[PDB]
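Structure data (TSV, N, CA and C atoms) from start-v4.tsv:
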```tsv
chain	number	residue	atom	x	y	z
A	445	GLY	N	0.83	-1.23	0.00
A	445	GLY	CA	0.00	0.00	0.00
A	445	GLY	C	0.85	1.27	0.00
A	446	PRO	N	0.23	2.45	-0.22
A	446	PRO	CA	0.90	3.76	-0.16
A	446	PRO	C	1.32	4.16	1.26
A	447	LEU	N	2.06	5.27	1.34
A	447	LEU	CA	2.45	5.94	2.59
A	447	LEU	C	1.23	6.45	3.40
A	448	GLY	N	1.42	6.78	4.68
A	448	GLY	CA	0.39	7.44	5.50
A	448	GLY	C	-0.03	8.83	4.98
A	449	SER	N	-1.22	9.29	5.38
A	449	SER	CA	-1.83	10.57	4.93
A	449	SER	C	-1.80	10.78	3.39
A	450	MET	N	-2.20	9.74	2.65
A	450	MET	CA	-2.14	9.61	1.18
A	450	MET	C	-2.70	10.84	0.43
A	451	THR	N	-1.90	11.46	-0.45
A	451	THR	CA	-2.31	12.61	-1.27
A	451	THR	C	-1.42	12.82	-2.51
A	452	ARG	N	-1.99	13.37	-3.60
A	452	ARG	CA	-1.32	13.73	-4.87
A	452	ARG	C	-0.34	12.69	-5.45
A	453	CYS	N	-0.65	11.40	-5.29
A	453	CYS	CA	0.20	10.29	-5.75
A	453	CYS	C	-0.10	9.86	-7.20
A	454	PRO	N	0.93	9.50	-8.01
A	454	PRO	CA	0.79	9.00	-9.39
A	454	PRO	C	0.32	7.53	-9.49
A	455	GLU	N	-0.05	6.88	-8.37
A	455	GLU	CA	-0.72	5.56	-8.35
A	455	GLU	C	-2.24	5.63	-8.41
A	456	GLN	N	-2.84	6.78	-8.07
A	456	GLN	CA	-4.30	6.98	-8.14
A	456	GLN	C	-4.83	6.75	-9.56
A	457	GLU	N	-4.01	7.03	-10.57
A	457	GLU	CA	-4.33	6.73	-11.97
A	457	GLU	C	-4.15	5.27	-12.31
A	458	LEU	N	-3.06	4.64	-11.87
A	458	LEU	CA	-2.73	3.25	-12.20
A	458	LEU	C	-3.81	2.24	-11.75
A	459	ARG	N	-4.66	2.64	-10.80
A	459	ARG	CA	-5.81	1.83	-10.37
A	459	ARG	C	-6.98	1.91	-11.38
A	460	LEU	N	-7.32	3.11	-11.85
A	460	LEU	CA	-8.43	3.34	-12.78
A	460	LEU	C	-8.02	3.09	-14.25
A	461	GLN	N	-6.75	3.30	-14.62
A	461	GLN	CA	-6.25	2.95	-15.95
A	461	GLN	C	-6.47	1.46	-16.21
A	462	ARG	N	-6.07	0.57	-15.29
A	462	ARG	CA	-6.40	-0.86	-15.39
A	462	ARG	C	-7.91	-1.10	-15.58
A	463	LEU	N	-8.76	-0.41	-14.81
A	463	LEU	CA	-10.22	-0.53	-14.89
A	463	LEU	C	-10.82	-0.10	-16.24
A	464	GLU	N	-10.28	0.91	-16.94
A	464	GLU	CA	-10.77	1.34	-18.27
A	464	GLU	C	-10.14	0.55	-19.41
A	465	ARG	N	-8.91	0.08	-19.22
A	465	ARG	CA	-8.16	-0.69	-20.20
A	465	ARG	C	-8.68	-2.12	-20.29
A	466	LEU	N	-8.91	-2.80	-19.17
A	466	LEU	CA	-9.55	-4.13	-19.14
A	466	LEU	C	-10.82	-4.27	-20.04
A	467	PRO	N	-11.86	-3.43	-19.91
A	467	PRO	CA	-13.08	-3.46	-20.73
A	467	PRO	C	-12.89	-2.93	-22.15
A	468	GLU	N	-12.12	-1.85	-22.33
A	468	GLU	CA	-11.73	-1.31	-23.66
A	468	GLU	C	-10.97	-2.36	-24.47
A	469	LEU	N	-9.86	-2.87	-23.93
A	469	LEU	CA	-9.06	-3.91	-24.59
A	469	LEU	C	-9.90	-5.15	-24.93
A	470	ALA	N	-10.91	-5.48	-24.13
A	470	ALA	CA	-11.79	-6.62	-24.41
A	470	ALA	C	-12.54	-6.49	-25.76
A	471	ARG	N	-12.92	-5.28	-26.17
A	471	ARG	CA	-13.63	-5.05	-27.45
A	471	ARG	C	-12.65	-4.90	-28.63
A	472	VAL	N	-11.46	-4.34	-28.40
A	472	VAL	CA	-10.44	-4.21	-29.46
A	472	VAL	C	-9.68	-5.51	-29.70
A	473	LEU	N	-9.54	-6.41	-28.71
A	473	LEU	CA	-8.95	-7.75	-28.89
A	473	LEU	C	-9.65	-8.58	-29.99
A	474	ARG	N	-10.99	-8.52	-30.03
A	474	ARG	CA	-11.81	-9.11	-31.10
A	474	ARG	C	-11.46	-8.52	-32.47
A	475	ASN	N	-11.22	-7.20	-32.52
A	475	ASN	CA	-10.82	-6.49	-33.74
A	475	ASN	C	-9.36	-6.79	-34.15
A	476	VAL	N	-8.46	-6.95	-33.19
A	476	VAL	CA	-7.03	-7.30	-33.40
A	476	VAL	C	-6.87	-8.71	-33.98
A	477	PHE	N	-7.66	-9.68	-33.49
A	477	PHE	CA	-7.73	-11.06	-34.02
A	477	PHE	C	-8.11	-11.09	-35.52
A	478	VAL	N	-9.23	-10.45	-35.86
A	478	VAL	CA	-9.81	-10.44	-37.21
A	478	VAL	C	-9.06	-9.51	-38.18
A	479	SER	N	-8.43	-8.44	-37.70
A	479	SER	CA	-7.58	-7.55	-38.51
A	479	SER	C	-6.41	-8.31	-39.17
A	480	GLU	N	-5.85	-9.29	-38.45
A	480	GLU	CA	-4.76	-10.17	-38.93
A	480	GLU	C	-5.27	-11.44	-39.61
A	481	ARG	N	-6.52	-11.84	-39.33
A	481	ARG	CA	-7.20	-13.00	-39.90
A	481	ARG	C	-6.53	-14.34	-39.52
A	482	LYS	N	-6.06	-14.48	-38.27
A	482	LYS	CA	-5.30	-15.66	-37.82
A	482	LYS	C	-5.82	-16.21	-36.47
A	483	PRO	N	-5.78	-17.54	-36.26
A	483	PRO	CA	-6.30	-18.19	-35.05
A	483	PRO	C	-5.43	-17.97	-33.80
A	484	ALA	N	-4.17	-17.58	-33.97
A	484	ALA	CA	-3.24	-17.19	-32.92
A	484	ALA	C	-2.38	-16.02	-33.41
A	485	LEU	N	-2.06	-15.06	-32.54
A	485	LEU	CA	-1.27	-13.87	-32.88
A	485	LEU	C	0.00	-13.80	-32.04
A	486	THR	N	1.16	-13.55	-32.65
A	486	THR	CA	2.42	-13.41	-31.93
A	486	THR	C	2.48	-12.05	-31.25
A	487	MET	N	3.29	-11.94	-30.20
A	487	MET	CA	3.64	-10.66	-29.57
A	487	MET	C	4.03	-9.55	-30.57
A	488	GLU	N	4.59	-9.91	-31.75
A	488	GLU	CA	4.97	-8.95	-32.81
A	488	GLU	C	3.76	-8.34	-33.52
A	489	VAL	N	2.78	-9.17	-33.90
A	489	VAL	CA	1.49	-8.70	-34.44
A	489	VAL	C	0.74	-7.89	-33.39
A	490	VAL	N	0.56	-8.45	-32.19
A	490	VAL	CA	-0.27	-7.82	-31.15
A	490	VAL	C	0.29	-6.45	-30.77
A	491	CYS	N	1.61	-6.30	-30.64
A	491	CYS	CA	2.28	-5.02	-30.38
A	491	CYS	C	2.05	-3.94	-31.46
A	492	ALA	N	1.76	-4.31	-32.71
A	492	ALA	CA	1.31	-3.38	-33.75
A	492	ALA	C	-0.22	-3.14	-33.72
A	493	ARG	N	-0.98	-4.23	-33.77
A	493	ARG	CA	-2.43	-4.21	-33.97
A	493	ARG	C	-3.19	-3.66	-32.76
A	494	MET	N	-2.83	-4.03	-31.54
A	494	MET	CA	-3.41	-3.43	-30.33
A	494	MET	C	-3.22	-1.89	-30.23
A	495	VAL	N	-2.24	-1.33	-30.95
A	495	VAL	CA	-2.02	0.12	-31.09
A	495	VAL	C	-2.88	0.73	-32.22
A	496	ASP	N	-2.84	0.10	-33.40
A	496	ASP	CA	-3.45	0.63	-34.65
A	496	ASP	C	-4.91	0.20	-34.89
A	497	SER	N	-5.25	-1.06	-34.59
A	497	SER	CA	-6.63	-1.56	-34.61
A	497	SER	C	-7.49	-0.96	-33.47
A	498	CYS	N	-6.93	-0.82	-32.26
A	498	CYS	CA	-7.60	-0.06	-31.18
A	498	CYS	C	-7.75	1.43	-31.57
A	499	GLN	N	-8.88	2.05	-31.20
A	499	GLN	CA	-9.10	3.50	-31.39
A	499	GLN	C	-8.08	4.38	-30.65
A	500	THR	N	-7.61	3.93	-29.48
A	500	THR	CA	-6.57	4.57	-28.65
A	500	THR	C	-5.23	3.81	-28.71
A	501	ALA	N	-4.18	4.45	-29.23
A	501	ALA	CA	-2.82	3.90	-29.29
A	501	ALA	C	-2.14	3.80	-27.90
A	502	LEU	N	-2.06	2.59	-27.32
A	502	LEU	CA	-1.39	2.34	-26.02
A	502	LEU	C	0.15	2.21	-26.16
A	503	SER	N	0.89	2.54	-25.10
A	503	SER	CA	2.35	2.33	-25.02
A	503	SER	C	2.75	0.84	-24.84
A	504	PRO	N	3.88	0.39	-25.41
A	504	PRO	CA	4.32	-1.02	-25.36
A	504	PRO	C	4.76	-1.50	-23.97
A	505	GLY	N	5.08	-0.59	-23.05
A	505	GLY	CA	5.44	-0.93	-21.66
A	505	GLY	C	4.27	-1.47	-20.83
A	506	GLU	N	3.09	-0.84	-20.95
A	506	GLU	CA	1.83	-1.31	-20.31
A	506	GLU	C	1.14	-2.41	-21.11
A	507	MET	N	1.28	-2.40	-22.43
A	507	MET	CA	0.70	-3.40	-23.34
A	507	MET	C	0.92	-4.84	-22.83
A	508	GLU	N	2.18	-5.22	-22.60
A	508	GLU	CA	2.58	-6.58	-22.18
A	508	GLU	C	1.87	-7.00	-20.90
A	509	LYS	N	1.84	-6.10	-19.91
A	509	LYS	CA	1.21	-6.26	-18.60
A	509	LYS	C	-0.33	-6.39	-18.68
A	510	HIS	N	-0.99	-5.77	-19.65
A	510	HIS	CA	-2.44	-5.91	-19.87
A	510	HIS	C	-2.81	-7.20	-20.62
A	511	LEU	N	-2.06	-7.56	-21.67
A	511	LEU	CA	-2.26	-8.80	-22.43
A	511	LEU	C	-2.19	-10.04	-21.52
A	512	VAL	N	-1.18	-10.09	-20.65
A	512	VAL	CA	-0.99	-11.16	-19.66
A	512	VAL	C	-2.06	-11.12	-18.56
A	513	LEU	N	-2.44	-9.92	-18.10
A	513	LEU	CA	-3.44	-9.76	-17.03
A	513	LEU	C	-4.84	-10.29	-17.41
A	514	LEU	N	-5.26	-10.24	-18.69
A	514	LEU	CA	-6.49	-10.93	-19.12
A	514	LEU	C	-6.45	-12.44	-18.77
A	515	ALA	N	-5.45	-13.18	-19.26
A	515	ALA	CA	-5.27	-14.60	-18.92
A	515	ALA	C	-5.11	-14.87	-17.40
A	516	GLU	N	-4.50	-13.95	-16.64
A	516	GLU	CA	-4.45	-14.02	-15.16
A	516	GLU	C	-5.82	-13.90	-14.47
A	517	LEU	N	-6.79	-13.18	-15.07
A	517	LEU	CA	-8.15	-13.05	-14.53
A	517	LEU	C	-9.06	-14.20	-14.99
A	518	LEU	N	-8.89	-14.67	-16.23
A	518	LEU	CA	-9.57	-15.84	-16.78
A	518	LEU	C	-8.73	-16.52	-17.89
A	519	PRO	N	-8.08	-17.67	-17.61
A	519	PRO	CA	-7.38	-18.47	-18.63
A	519	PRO	C	-8.33	-19.20	-19.60
A	520	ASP	N	-9.63	-18.86	-19.58
A	520	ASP	CA	-10.72	-19.54	-20.28
A	520	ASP	C	-11.18	-18.81	-21.56
A	521	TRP	N	-11.21	-17.47	-21.54
A	521	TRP	CA	-11.41	-16.66	-22.75
A	521	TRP	C	-10.10	-16.37	-23.49
A	522	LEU	N	-9.05	-15.98	-22.75
A	522	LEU	CA	-7.74	-15.62	-23.28
A	522	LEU	C	-6.64	-16.49	-22.67
A	523	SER	N	-5.78	-17.05	-23.52
A	523	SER	CA	-4.65	-17.89	-23.13
A	523	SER	C	-3.35	-17.43	-23.80
A	524	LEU	N	-2.31	-17.17	-22.99
A	524	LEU	CA	-0.94	-16.93	-23.45
A	524	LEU	C	-0.25	-18.29	-23.68
A	525	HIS	N	0.15	-18.55	-24.92
A	525	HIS	CA	0.79	-19.80	-25.37
A	525	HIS	C	2.19	-19.55	-25.95
A	526	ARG	N	3.20	-20.07	-25.25
A	526	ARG	CA	4.60	-19.95	-25.64
A	526	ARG	C	4.93	-21.04	-26.69
A	527	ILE	N	5.44	-20.61	-27.85
A	527	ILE	CA	5.97	-21.50	-28.89
A	527	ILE	C	7.45	-21.87	-28.60
A	528	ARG	N	8.20	-22.41	-29.56
A	528	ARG	CA	9.64	-22.71	-29.46
A	528	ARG	C	10.51	-21.58	-28.85
A	529	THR	N	10.27	-20.33	-29.25
A	529	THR	CA	11.03	-19.14	-28.80
A	529	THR	C	10.22	-17.83	-28.77
A	530	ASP	N	9.12	-17.75	-29.54
A	530	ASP	CA	8.14	-16.65	-29.50
A	530	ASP	C	6.97	-16.95	-28.53
A	531	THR	N	6.11	-15.96	-28.33
A	531	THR	CA	4.84	-16.12	-27.59
A	531	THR	C	3.66	-15.73	-28.47
A	532	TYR	N	2.68	-16.63	-28.62
A	532	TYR	CA	1.39	-16.34	-29.26
A	532	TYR	C	0.27	-16.23	-28.21
A	533	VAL	N	-0.79	-15.49	-28.52
A	533	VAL	CA	-2.03	-15.42	-27.72
A	533	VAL	C	-3.23	-15.94	-28.52
A	534	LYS	N	-4.19	-16.54	-27.82
A	534	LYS	CA	-5.46	-17.01	-28.39
A	534	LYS	C	-6.65	-16.48	-27.57
A	535	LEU	N	-7.60	-15.84	-28.25
A	535	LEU	CA	-8.89	-15.37	-27.72
A	535	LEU	C	-10.08	-15.77	-28.61
A	536	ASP	N	-11.28	-15.92	-28.03
A	536	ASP	CA	-12.52	-16.14	-28.80
A	536	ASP	C	-13.13	-14.81	-29.27
A	537	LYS	N	-13.05	-14.53	-30.57
A	537	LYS	CA	-13.75	-13.39	-31.20
A	537	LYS	C	-15.29	-13.53	-31.22
A	538	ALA	N	-15.79	-14.76	-31.03
A	538	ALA	CA	-17.20	-15.12	-31.12
A	538	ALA	C	-17.96	-15.00	-29.78
A	539	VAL	N	-17.27	-14.63	-28.69
A	539	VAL	CA	-17.85	-14.42	-27.37
A	539	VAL	C	-18.82	-13.22	-27.34
A	540	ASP	N	-19.77	-13.22	-26.40
A	540	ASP	CA	-20.61	-12.04	-26.13
A	540	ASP	C	-19.85	-11.04	-25.26
A	541	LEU	N	-19.44	-9.89	-25.81
A	541	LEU	CA	-18.58	-8.90	-25.14
A	541	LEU	C	-19.10	-8.56	-23.74
A	542	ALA	N	-20.40	-8.26	-23.64
A	542	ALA	CA	-21.08	-7.94	-22.39
A	542	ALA	C	-20.91	-8.99	-21.28
A	543	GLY	N	-20.65	-10.26	-21.63
A	543	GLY	CA	-20.30	-11.32	-20.69
A	543	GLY	C	-18.93	-11.13	-20.03
A	544	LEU	N	-17.89	-10.76	-20.79
A	544	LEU	CA	-16.50	-10.63	-20.31
A	544	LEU	C	-16.37	-9.47	-19.33
A	545	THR	N	-16.73	-8.26	-19.77
A	545	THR	CA	-16.78	-7.06	-18.92
A	545	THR	C	-17.72	-7.20	-17.70
A	546	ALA	N	-18.68	-8.14	-17.71
A	546	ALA	CA	-19.47	-8.49	-16.51
A	546	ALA	C	-18.75	-9.46	-15.54
A	547	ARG	N	-18.14	-10.54	-16.03
A	547	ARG	CA	-17.45	-11.54	-15.19
A	547	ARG	C	-16.05	-11.08	-14.72
A	548	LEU	N	-15.33	-10.32	-15.55
A	548	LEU	CA	-14.02	-9.74	-15.25
A	548	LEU	C	-14.14	-8.53	-14.27
A	549	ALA	N	-15.33	-7.94	-14.15
A	549	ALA	CA	-15.68	-6.82	-13.25
A	549	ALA	C	-15.14	-6.91	-11.80
A	550	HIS	N	-14.84	-8.11	-11.30
A	550	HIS	CA	-14.15	-8.31	-10.02
A	550	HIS	C	-12.88	-7.43	-9.86
A	551	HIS	N	-12.12	-7.20	-10.93
A	551	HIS	CA	-10.98	-6.26	-10.94
A	551	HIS	C	-11.37	-4.78	-11.16
A	552	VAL	N	-12.43	-4.49	-11.92
A	552	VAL	CA	-13.03	-3.13	-12.02
A	552	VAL	C	-13.55	-2.63	-10.66
A	553	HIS	N	-13.94	-3.55	-9.78
A	553	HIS	CA	-14.29	-3.28	-8.38
A	553	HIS	C	-13.18	-2.59	-7.55
A	554	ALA	N	-11.92	-2.60	-8.01
A	554	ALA	CA	-10.81	-1.84	-7.40
A	554	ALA	C	-11.10	-0.32	-7.27
A	555	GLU	N	-11.81	0.27	-8.24
A	555	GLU	CA	-12.36	1.65	-8.18
A	555	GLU	C	-13.89	1.68	-8.04
A	556	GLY	N	-14.58	0.61	-8.47
A	556	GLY	CA	-16.02	0.40	-8.21
A	556	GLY	C	-16.96	0.83	-9.34
A	557	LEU	N	-16.66	0.42	-10.59
A	557	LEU	CA	-17.38	0.74	-11.84
A	557	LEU	C	-17.14	2.18	-12.35
```
Take the structure in the file and give it back as structure tokens.
Amino acid sequence: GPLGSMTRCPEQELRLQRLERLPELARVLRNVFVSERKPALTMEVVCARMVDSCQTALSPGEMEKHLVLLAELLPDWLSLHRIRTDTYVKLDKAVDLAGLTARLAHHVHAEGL
């Protein structure tokens, strides 16, 4: 946790950024899959497409931490799969979006919707 008498800290954003990125990234992940037209996407594709296919261009430092955090909340919709030396990801584009942002909401509860 933070220091005593908490005020003007740059972590107050890092709590709500995760909360807006989790549901936003959930709708652009479906677009990133189909933009490349492939059943699995490498870290090289995802690092381009999650910036350009998404309406908002995210930085590559937070990108890695968000892609992995989906599979950490549910390994059932999104799975990180390591190949011989690269890493690919797999997601269901055919899912009902409103289901994911409803069940994953346990982490959005950090700020409370």
Open item on the list: To test your reading of the structure, identify every residue in segment 462-540 of chain A that backbone DSSP assigns to strand (DSSP E), and report it as number ranges by chain.
Closed with: A: 485-486, 522-526, 531-535
Any chance you can output those residues with N, CA and C atoms as a short mmCIF file (atom, residue, chain, number, x, y, z; two decimals), in the coordinates of the input?
```
data_model
loop_
_atom_site.label_atom_id
_atom_site.label_comp_id
_atom_site.auth_asym_id
_atom_site.auth_seq_id
_atom_site.Cartn_x
_atom_site.Cartn_y
_atom_site.Cartn_z
N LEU A 485 -2.06 -15.06 -32.54
CA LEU A 485 -1.27 -13.87 -32.88
C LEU A 485 0.00 -13.80 -32.04
N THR A 486 1.16 -13.55 -32.65
CA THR A 486 2.42 -13.41 -31.93
C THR A 486 2.48 -12.05 -31.25
N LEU A 522 -9.05 -15.98 -22.75
CA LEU A 522 -7.74 -15.62 -23.28
C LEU A 522 -6.64 -16.49 -22.67
N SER A 523 -5.78 -17.05 -23.52
CA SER A 523 -4.65 -17.89 -23.13
C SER A 523 -3.35 -17.43 -23.80
N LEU A 524 -2.31 -17.17 -22.99
CA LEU A 524 -0.94 -16.93 -23.45
C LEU A 524 -0.25 -18.29 -23.68
N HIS A 525 0.15 -18.55 -24.92
CA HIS A 525 0.79 -19.80 -25.37
C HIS A 525 2.19 -19.55 -25.95
N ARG A 526 3.20 -20.07 -25.25
CA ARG A 526 4.60 -19.95 -25.64
C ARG A 526 4.93 -21.04 -26.69
N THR A 531 6.11 -15.96 -28.33
CA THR A 531 4.84 -16.12 -27.59
C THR A 531 3.66 -15.73 -28.47
N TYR A 532 2.68 -16.63 -28.62
CA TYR A 532 1.39 -16.34 -29.26
C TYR A 532 0.27 -16.23 -28.21
N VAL A 533 -0.79 -15.49 -28.52
CA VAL A 533 -2.03 -15.42 -27.72
C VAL A 533 -3.23 -15.94 -28.52
N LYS A 534 -4.19 -16.54 -27.82
CA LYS A 534 -5.46 -17.01 -28.39
C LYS A 534 -6.65 -16.48 -27.57
N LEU A 535 -7.60 -15.84 -28.25
CA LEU A 535 -8.89 -15.37 -27.72
C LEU A 535 -10.08 -15.77 -28.61
#
```
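Of the residues under consideration (A:462, A:510, A:521, A:503), A:521 shows the shortest atom-to-atom contact distance to residue 541 of chain A when counting only C-alpha atoms.
Put simply, atom CA of residue 551 of chain A is 19.2 Å away from atom CA of residue 535 of chain A.
Atom C of residue 514 of chain A lies 14.7 Å from atom N of residue 553 of chain A.
Our summary of the geometry notes that atom CA of residue 450 of chain A is positioned 16.7 Å from atom CA of residue 554 of chain A.
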Open item on the list: List the spatial neighbours of segment 468-479 of chain A as an MDAnalysis selection string - criterion: any atom at most 6 Å away, only N, CA and C atoms, same-chain residues fewer than 3 positions off excluded.
Closed with: chainID A and resid 464:465 482 493:494 497:498 537
- [ ] List every protein, DNA or RNA residue that has an atom no more than 10 Å from (-0.4, -1.9, -20.1) in the file's coordinate frame, counting only C-alpha atoms, and report them as a PyMOL selection string.
- [x] chain A and resi 458+461-462+465-466+469+502-513
TODO: Using DSSP on the backbone coordinates, identify the residues of chain A assigned to helix (DSSP H, G or I); present them as a PyMOL selection string.
DONE: chain A and resi 455-480+487-496+504-517+541-547+549-552
Open item on the list: From the options A:492, A:516, A:467, A:532, which residue's atoms come nearest to residue 546 of chain A, counting only C-alpha atoms?
Closed with: A:467
